[PDB]
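Chemist: Once you've seen the sequence and the experimental structure below, I've got questions.
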Amino acid sequence: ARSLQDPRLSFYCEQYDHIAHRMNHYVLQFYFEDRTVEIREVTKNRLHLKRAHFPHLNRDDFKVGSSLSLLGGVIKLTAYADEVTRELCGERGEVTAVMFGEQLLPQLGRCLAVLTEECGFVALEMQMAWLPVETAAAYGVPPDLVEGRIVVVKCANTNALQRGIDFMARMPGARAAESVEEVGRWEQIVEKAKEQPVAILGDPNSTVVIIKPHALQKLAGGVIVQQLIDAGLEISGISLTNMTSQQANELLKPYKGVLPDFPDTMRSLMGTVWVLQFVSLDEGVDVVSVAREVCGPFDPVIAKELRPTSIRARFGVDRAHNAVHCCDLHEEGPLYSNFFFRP
Amino acid sequence: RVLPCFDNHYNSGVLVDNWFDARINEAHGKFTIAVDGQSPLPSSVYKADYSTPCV
Amino acid sequence: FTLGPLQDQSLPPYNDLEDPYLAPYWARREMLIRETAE
Amino acid sequence: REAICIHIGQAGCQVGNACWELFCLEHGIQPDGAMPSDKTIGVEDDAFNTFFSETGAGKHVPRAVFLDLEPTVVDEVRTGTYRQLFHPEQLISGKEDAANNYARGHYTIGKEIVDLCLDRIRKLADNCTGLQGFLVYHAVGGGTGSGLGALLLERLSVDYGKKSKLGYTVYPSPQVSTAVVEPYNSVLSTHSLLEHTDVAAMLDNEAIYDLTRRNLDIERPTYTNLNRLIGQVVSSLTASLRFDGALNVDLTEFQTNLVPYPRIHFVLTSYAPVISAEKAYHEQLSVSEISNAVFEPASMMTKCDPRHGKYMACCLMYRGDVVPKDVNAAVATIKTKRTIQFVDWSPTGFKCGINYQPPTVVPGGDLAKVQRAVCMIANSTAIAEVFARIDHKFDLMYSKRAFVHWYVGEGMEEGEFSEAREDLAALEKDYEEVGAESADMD
Amino acid sequence: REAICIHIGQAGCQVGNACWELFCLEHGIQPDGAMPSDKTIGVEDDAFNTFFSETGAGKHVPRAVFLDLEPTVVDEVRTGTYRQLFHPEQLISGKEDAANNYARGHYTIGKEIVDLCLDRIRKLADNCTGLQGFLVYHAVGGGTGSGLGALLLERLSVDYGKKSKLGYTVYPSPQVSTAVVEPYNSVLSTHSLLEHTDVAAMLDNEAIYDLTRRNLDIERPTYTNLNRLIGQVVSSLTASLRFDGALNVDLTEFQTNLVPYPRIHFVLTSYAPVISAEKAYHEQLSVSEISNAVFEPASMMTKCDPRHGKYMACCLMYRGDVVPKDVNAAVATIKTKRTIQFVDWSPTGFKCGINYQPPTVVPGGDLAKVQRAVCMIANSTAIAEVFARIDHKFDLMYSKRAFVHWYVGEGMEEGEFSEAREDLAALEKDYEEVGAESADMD
Amino acid sequence: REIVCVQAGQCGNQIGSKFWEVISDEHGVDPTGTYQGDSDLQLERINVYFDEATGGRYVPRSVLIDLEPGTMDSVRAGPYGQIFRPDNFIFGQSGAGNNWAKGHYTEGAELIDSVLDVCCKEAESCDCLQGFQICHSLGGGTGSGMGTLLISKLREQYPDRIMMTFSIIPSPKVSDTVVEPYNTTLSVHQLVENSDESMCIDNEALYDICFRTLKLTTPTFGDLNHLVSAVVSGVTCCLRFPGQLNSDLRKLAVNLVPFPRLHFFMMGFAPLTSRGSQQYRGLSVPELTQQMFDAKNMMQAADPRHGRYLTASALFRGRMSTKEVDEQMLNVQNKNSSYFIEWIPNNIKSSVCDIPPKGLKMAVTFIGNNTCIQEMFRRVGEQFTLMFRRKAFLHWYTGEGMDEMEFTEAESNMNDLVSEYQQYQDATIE
Ligand SMILES: Nc1nc2c(ncn2[C@@H]2O[C@H](COP(=O)(O)OP(=O)(O)OP(=O)(O)O)[C@@H](O)[C@H]2O)c(=O)[nH]1
Ligand SMILES: Nc1nc2c(ncn2[C@@H]2O[C@H](COP(=O)(O)OP(=O)(O)OP(=O)(O)O)[C@@H](O)[C@H]2O)c(=O)[nH]1
Ligand SMILES: Nc1nc2c(ncn2[C@@H]2O[C@H](COP(=O)(O)OP(=O)(O)O)[C@@H](O)[C@H]2O)c(=O)[nH]1
Ligand SMILES: [Mg+2]
Ligand SMILES: [Mg+2]
């Protein structure tokens, strides 16, 4: 085929250039009938990437305010470029925001499970915020949730507001925005938290776990979080960031010469990932040992044969795609936390 | 350079002589040098270029 | 009286050998060599 | 990159209406000249540039002139639906027709109008940066098409020189006829076209009527159908300049590959999947079936039988979903056939092109929607039979000077008839000599 | 320590706008004359003092005068964005222009305005403790720049005496031209400028247009681009007084090293890393590459070809991350080249300077950001070609007294034309005689 | 730098009404005189053409003179007529009768003193006075005689300023009056001595502009006077708006006039195009440059291809590059080198102004000094010699009081002007 009048979706996009320290703006076109992408420059009307096939993309991935991985780089979709994509991509991109309170962190895994795999909300923004009383009052948090950590999630689904109200009614404790201005203020909250997040720094008894994108596509993140919490760990820190290939190389440099599938493991960390930091309130619990015992062997077949209840035996498919990456030494906690949370 | 020397009895609508120009002229109206209206004048080059630089 | 095509409207490069206003200079140099010898 | 279109006379302007309708619909330009409001995203692509130029406000305007001596057809364009598409200066019209006299167009009336036309073409050529040829549409059966087409080709050939000139020409059909004096105009026109054209495409109305009756299911066809088929052929040949593809073909490549000797430049044209929607769903349309179709005499748009001659060169353009290995397998199968013959001095007889853009469907059209199509232009000695039959009708009429007094009254010497008849005799002898085997000549 | 800048007429004021924009952004002074509250802390510094003075409340004010006879350009600076930076007394404007007449500026109109200029320069010179020269920017093509610039330089030369005066001068381009009377004004200006200037740098707009087309990718440049390039050159030459370096160069060293005889003081100028942001990150820009760059005539900011003459002295200023060993290796490689030739009486042809401050980047600018740059000013006999074409144009026009009645009516004796033309003839003979080989005396 | 305008006679008053309408429109002045503009760039040079009256009002610095008040009642009745100061209308009680001698000697000397009092009152109010601008026809009666009388008096009283004139001259084909040669010859004799710069316009050229370029079906004198008002308002644009390369009337004179008698110029204005065609072609410096030298857009019947350019000037308005202007002027000089006088190394002056006329992105006005102007004077001299040999209508002029020696002097002076242009046309370097 390769026709020029075939249906497509158009967006304006942004991508940071780490070499020139400059921001670039493009126009992205996605022909969903055959999974091909073309990119053009806004400034001088120059071609950037010829029409090429990408088999790992899908129609559900392209949403406003989302991020994609393309040839190892991260690209951000914040626009609508014509009316046709406004008609097609609308009705499934309404934005709602959900906040969580202190008393419901110990059941946060089931909260994310009911949020994602049963209420139908797919979401990429998730952070933990601690605010002073005056700023919290100004931004408009509920009064009963002041003086505590809060997790704000920016969801997207059809009929977002009414479904969010239904989610409020279904499980107690959560709060959701009831108007557009509340949504805007909570988006400001999550951006401000992104400018300076909250976590414990310099603690030798800490552990950081990353959840791979293919695990998220199967809607298994909440169950993984709940299983980690159940083992005797307290959550302190949450984030949703997109990491590029250079960041993956810098994070995984000590492994160069250990893993037998290093470039394939590097590719598995591209996309949207969740970041979890765990600490223990008892000095008699070593977080790294229990985290690694729960995670299991890094080879999914060995994990299935020997430790059938492990996370990797539950959600792994191959050595490169083992659904979790966790710290393996007793000194890596501060380094991982500094990498993932220091501004 | 010569002047027109033909007498046109008919009106615009009959395809003789200058019907196209007659139709356009009766469509628009009076004659002005200006093409567009209600547009602000651009600023000078010095004002546009030498602005307050970013800190 | 023609302005020519658009693609030939650009700046011609300067070549001082073919500049019509510098011919006496080159003639002066060509005389100057023999003047120096004598 | 760019191409300029010159339309002369009635057939050429009417075929131009269908051509520009098709090029607009393929690029997506609206009849007013602007892209649709729900499709303007801020940036676009250069493919239109071959046929349109933008002013800067985003209106598109086409690289064409319409030339006629009678006002009616151009006044229909000025008052029709595409009024806003064309620039008004491009539509040039005289006061009175050439009355089926080549002499009247060439000597009496066209001499006054030709200099304004040359000024318009010059004004177009100055606003280009990669002009690569002229496309000309005219009929040689009528007076103004023959006379003014010849005069304008002569002036263009002196002023622009090396630039290529490709002609699409409607010749007099072998039994369908419209005017009595057609043989005289066609002989004297053909004399001028021999010296001043690089490739000449031959068309016969009787072939396009037969093709529309047999393949399509139309019992009562009219000129709009023929003009839409011609527009499809021109779109297929020019697609190589406008869209991405595996094997592109520039207009200079046609002349190098198709013309063996400087006089042997008359080519036959054919198109494969002319098919209706009801037949299209009963049949698959693979590469090998349409490749076999273009060589059958039922597919041609000119009334000649290629079985009475030998092919010298073929240029095959595939557009749509085709893969090069299938084109190679098809061409290898054609070479095996015994009813297809090539001159022994042309061992590599084929040129291929592969483009991804499938053929466009026009809202009121009669062609079905198909995933692939192939168009062929070929040089063959069979065309000598077409000239001989016009020459026979000329000989019958000229033996009694049946209408000559009109031509001599409008300014022509009687000697010009004998010169043109001798030039066509020499062209027939060239096609006889070029086809003689070297094995018999040793 | 201190330097005073004198800007005359339209070109000089517009180039001044770009220069002061750059000096503000490099030191960090805001357009209102202050500095941010956090830029005061740190080590105690004063490098701005060469160009700014503080009142004590922390406002900065610059050591410059802007001179014009028409109000428009000075009213534009007075009403623009930098209104609070300049002292209102500093912006001096007359009522009416010199109308491209050197005589009107020198005899009739500049004599009334000159005493205010001298009073302002005196008020500046009283507020200094280490004045080391005057910098002058003007164009010799216009009436007020030539006439008032000459009259003011004569008065300054009498009052201040030995203090140095370095000029940046815009000469008439060899084929691009803006006014008919340019030859008369340039000859009459050059006659006065010969006696009262220590080094004169020549610029031509045609060279900066060529440089902006070849290196940058700008199809339609305007004067703001040229003025920003000139500002970069001035910043490079004055950086040696303001920042730390391995080999410093005081403003007196240019005059001592570049001028062999008191009339031979006209120098050529060029700048190396003129490059666009998109090209800069695909290539390294080592010392040897930019050193090789400064010698091609395509890099020069004056339209002359140095291959038709011999160099007498070169001064190379390096700023940024450069190491002396690379400068020595580069200069030895240049000395090896066969297309670079020095007069045999100048065996030790080079002066070097090395400064640590890299060039600043301006928000609206078109140059990329780079870690190192080199700028060269050099004295060469090729400059004799520039005077010969102006002198020929004067001879062509003066043979018929084409415009002389304006000059004689506005107050000038006809004898002044012959005197100036004879002085320029003697300057041409000086450049002819100095370039004569000393070899073969026996 | 203030200009004082003088409009004399029917043609002058009619052209003046449209000129002051165009100037009031660009600066946003209502016909009541109130400023209603929308940018400070409009106010900062309002003084150049308007004086400020109390409580907001602006008044235009113009003197209206005529011998019969019919035209003045028509201009006072017009849509912008109220803006004019009542004391500035000066009129007599009997017409010029199409006779130069009446306008110069009998009613001229009677009214001229009141006009000089008004012109001095207007001149001495300016803080700095720039040149005068005068519009009149040379073929009429009060325009030629009283205009040249006033020009002579102002040249006596203000010899150091500039004197600029816009003048309408009789077509060779469209005559409106039988005695045109006498009035034209005497007026040209007065102008060549008194004037500093004179522009000439043929009504035939404005008709050809309207029919060929604008394709107007039924043009009227309002269209011709609008084209003239547009070009008149364009020459002064650099005096009253900022720009990259400022220019001035004195600087134009210095670059255009090689010798003091050679001060007669051709005029043109470039962006002319019909309402149907305008959607098909965008403005750009090449298009304006191509139209600017096309003789179709030049306002006199003589054609440039029969002569040579001594000098020319182009003033550009709009945001545009200087490189394209310089390279266009070089390209036109290099390709058509035979049409430029060879003993001047560069014949074209350019100037650039930031603010275009309202409704146009860019515009240029062209002033040309071309030897083909000699053809108009030769035609007037032939018709004069045919009429003078037979004393065809001379008794009217002699009855007013003129001596016959003035006619022979004026004929000799015009013949010498034609000879001087012809000599510079055929000059060579040798
Ligand atoms: N296919 C096709 N053939 C046409 C068309 N119009 C005319 N013809 C044929 O072309 C021949 C007539 O040529 P014309 O175009 O009418 O001649 P002309 O150019 O008008 O010359 P004049 O009669 O002198 O004005 C006949 O054989 C017609 O059948 C058309 O629109 N399509
Ligand atoms: N590089 C550069 N050249 C300029 C600039 N402004 C004017 N010029 C050039 O300098 C010459 C004109 O000199 P002007 O400065 O306008 O003359 P002037 O000093 O105003 O003299 P008067 O006209 O009598 O007032 C022309 O060659 C212009 O191209 C500028 O800002 N930068
Ligand atoms: N272009 C133009 N010409 C005019 C106008 N009014 C009159 N004329 C011409 O000027 C000449 C008549 O001169 P006129 O003004 O009556 O002379 P006066 O009697 O001295 O004022 C004739 O050639 C008229 O065609 C006008 O509004 N515009
Ligand atoms: Mg016809
Ligand atoms: Mg000036």
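Modeler: Alright, I've got the coordinates. Numbering: from 1, shown residues only, chains lettered A, B, ... in the order given. Ligands and ions are numbered 1, 2, ... in the order given.

Chemist: mind saving the C-alpha coords of stretch D:86-99 as PDB?
Modeler: What follows is stretch D:86-99, C-alpha atoms only, in PDB (Å, rounded to 0.1, in the frame of the first residue of the first chain):
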ATOM      1  CA  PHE D  86      -6.200  29.000 -12.500                       C
ATOM      2  CA  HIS D  87      -4.500  32.400 -12.700                       C
ATOM      3  CA  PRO D  88      -6.600  34.600 -15.100                       C
ATOM      4  CA  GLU D  89      -3.500  35.700 -17.100                       C
ATOM      5  CA  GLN D  90      -2.900  32.000 -18.000                       C
ATOM      6  CA  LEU D  91      -6.200  31.600 -19.900                       C
ATOM      7  CA  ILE D  92      -5.500  33.100 -23.300                       C
ATOM      8  CA  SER D  93      -8.200  33.300 -26.000                       C
ATOM      9  CA  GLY D  94      -8.400  34.700 -29.500                       C
ATOM     10  CA  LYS D  95     -11.400  36.000 -31.500                       C
ATOM     11  CA  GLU D  96     -12.100  33.400 -34.200                       C
ATOM     12  CA  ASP D  97     -11.200  29.800 -35.000                       C
ATOM     13  CA  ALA D  98      -8.800  28.300 -37.500                       C
ATOM     14  CA  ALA D  99     -11.800  26.800 -39.400                       C
END
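
Chemist: wait, what's in contact with the residue in the stretch 51-200 of chain A that chain B sits nearest to?
Modeler: Closest residue of the stretch 51-200 of chain A to chain B, C-beta to the nearest C-beta: residue A:195 (19.2 Å). Every residue, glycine included, has its C-beta placed from N, CA and C. By C-beta atoms under 8 Å, 6 or more residues apart in numbering or on different chains, the contact list for residue A:195 reads residue A:343.

Chemist: Can you give me the distance of it to residue A:127?
Modeler: Distance, residue A:195 to residue A:127, by C-beta to C-beta, to the nearest Å: 10 Å.

Chemist: What of residue A:154?
Modeler: Plainly put, residue A:154 is 9 Å away from residue A:127 if you go by C-beta to C-beta.

Chemist: Next: residue D:36.
Modeler: Noted for residue D:36: a distance of 42 Å to residue A:127, by C-beta to C-beta.

Chemist: now do residue D:204
Modeler: 76 Å.

Chemist: ok, residue A:154 and residue A:127, which is more surrounded?
Modeler: More crowded of residue A:154 and residue A:127, by other C-beta atoms under 10 Å in any protein chain shown: residue A:127, with 23 against 20.

Chemist: For that one, give me phi and psi.
Modeler: phi -140, psi 160 (degrees, to the nearest 10).

Chemist: How about it: which residues does it bridge to?
Modeler: residue A:152 (DSSP bridges).

Chemist: which helices and strands sit right next to the helix or strand containing residue A:333?
Modeler: Taking DSSP states H and E as the criterion, residue A:333 maps to helix A:332-341. On a contact count with 3 or more C-beta pairs under 8 Å, 6 or more residues apart in numbering or on different chains; DSSP states H and E, helix A:332-341 meets strand A:207-211, strand A:234-243, helix A:245-251, strand A:271-279.

Chemist: want to throw these into TSV with mean neighbour count and distance to residue D:249?
Modeler: Shown next, in TSV, are the helices and strands packed on helix A:332-341 (neighbours: other C-beta atoms under 10 Å in any protein chain shown; distance: least, C-beta to C-beta, whole Å):
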stretch	mean neighbour count	distance to residue D:249
strand A:207-211	23	53
strand A:234-243	19	45
helix A:245-251	15	41
strand A:271-279	22	43
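
Chemist: Mind checking if the top helix by length along chain B is in reach of chain F?
Modeler: Identified as the longest helix of chain B according to DSSP state H is helix B:19-28. Yes: Helix B:19-28 reaches chain F (C-beta under 8 Å from any C-beta of the partner chain) through B:20-22, B:24-25, B:28.

Chemist: all helices for the chain, in order.
Modeler: Unless you meant another one, I'm taking chain A. A:83-89, A:108-113, A:133-139, A:160-170, A:180-195, A:213-217, A:221-230, A:245-251, A:262-267, A:287-295, A:300-306, A:311-315, A:332-341.

Chemist: that's the wrong chain, I wanted chain B
Modeler: B:19-28, B:45-49.

Chemist: Give the bridge partners for the spatially most central residue of chain A, please.
Modeler: The centroid of chain A falls nearest to residue A:240 when counting by C-alpha atoms, centre = their mean (3.5 Å). Beta-bridge pairing of residue A:240 under DSSP bridges involves residue A:274.

Chemist: Tell me, how many residues neighbour residue 32?
Modeler: No chain in the question, so chain A it is. Neighbour number of residue A:32 under other C-beta under 10 Å is 15.

Chemist: actually it's chain C I care about, not the one you picked
Modeler: The burial count for residue C:32: 14, using other C-beta under 10 Å.

Chemist: Tell me the spacing between it and residue C:24.
Modeler: Distance from residue C:32 to residue C:24, by C-beta to C-beta: 12 Å.

Chemist: and the angle for the helix holding residue A:333 with helix A:287-295?
Modeler: Interaxial angle, helix A:332-341 versus helix A:287-295 (axes from the mean of the first three to the mean of the last three C-alpha atoms, to 10 degrees): 80 degrees.

Chemist: what's in contact with helix A:332-341?
Modeler: Counting by C-beta under 8 Å, 6+ apart, residues outside helix A:332-341 touching it are A:197, A:199-208, A:237, A:239, A:241, A:250-251, A:275, A:277, A:287-288, A:327.

Chemist: Same question for stretch D:351-358.
Modeler: With contacts defined as C-beta under 8 Å, 6+ apart, stretch D:351-358 is touched by A:1-4, D:26, D:239-240, D:242-249, D:253, D:257-258, D:313-322, D:324, D:327, D:331, D:370-373.

Chemist: Next up, the contacts around residue D:376.
Modeler: Contacts of residue D:376 by C-beta under 8 Å, 6+ apart are D:269-272, D:294, D:314-317.

Chemist: Could you rerun that using 7 Å?
Modeler: Each residue near residue D:376 by C-beta atoms under 7 Å, 6 or more residues apart in numbering or on different chains is listed here: D:270, D:294, D:314-316.

Chemist: same check, this time on residue D:17
Modeler: residue D:227.

Chemist: Backbone dihedrals for it, both of them.
Modeler: The phi/psi pair for residue D:17 (degrees, to the nearest 10) is phi -60, psi -50.

Chemist: how close does it sit to residue D:24?
Modeler: Distance from residue D:17 to residue D:24, by C-beta to C-beta: 11 Å.

Chemist: go on, residue D:236?
Modeler: As judged by C-beta to C-beta, residue D:236 and residue D:24 stand 17 Å apart.

Chemist: Between the two, point out the one with more neighbours.
Modeler: residue D:236 (23 against 20).
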